[PDB]
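Down below is the structure, laid out as structure tokens.
What follows draws every value from the coordinates through simple rules; no lab data is involved. Positions of Cβ are backbone-derived with ideal geometry, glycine not excepted, and every protein chain shown enters the neighbour counts.
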There are 4 protein chains.
Amino acid sequence: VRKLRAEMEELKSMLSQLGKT
Amino acid sequence: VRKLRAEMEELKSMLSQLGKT
Amino acid sequence: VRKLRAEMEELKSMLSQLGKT
Amino acid sequence: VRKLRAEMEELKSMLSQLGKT
């Protein structure tokens, strides 16, 4: 679940990026 | 996963508000 | 992770609906 | 965790689509 966690970390960045628009 | 969950909850609320515009 | 997956699905569906406006 | 990962990918796709708007 290291890959799982890296995918979640990417998702968080994408979510915060849309949330700053 | 708490921090990811909170980022999703934030975006879901902002989208619901945008849908009332 | 069932509930986190459901929340992702809900958010995905909201984004989809926004993407059709 | 396969289903969580697949839903995450679908969510990321919708996030990317909106960033192209």
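How much FRET efficiency would the formula 1/(1 + (r/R0)^6) give for residue A:2 and residue B:5, where r is the Cβ-Cβ distance and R0 is 22 Å, rounded to 0.05?
So the FRET efficiency works out to roughly 0.70.
Less than 11 Å Cβ to Cβ from residue C:2, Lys/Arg counted +1 and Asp/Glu -1: what total charge do the surrounding residues give?
0
Round to a whole angstrom and tell me the spacing of the C-alpha centers of chain B and chain A.
With chain B and chain A each reduced to a Cα centre, they are spaced 14 Å.
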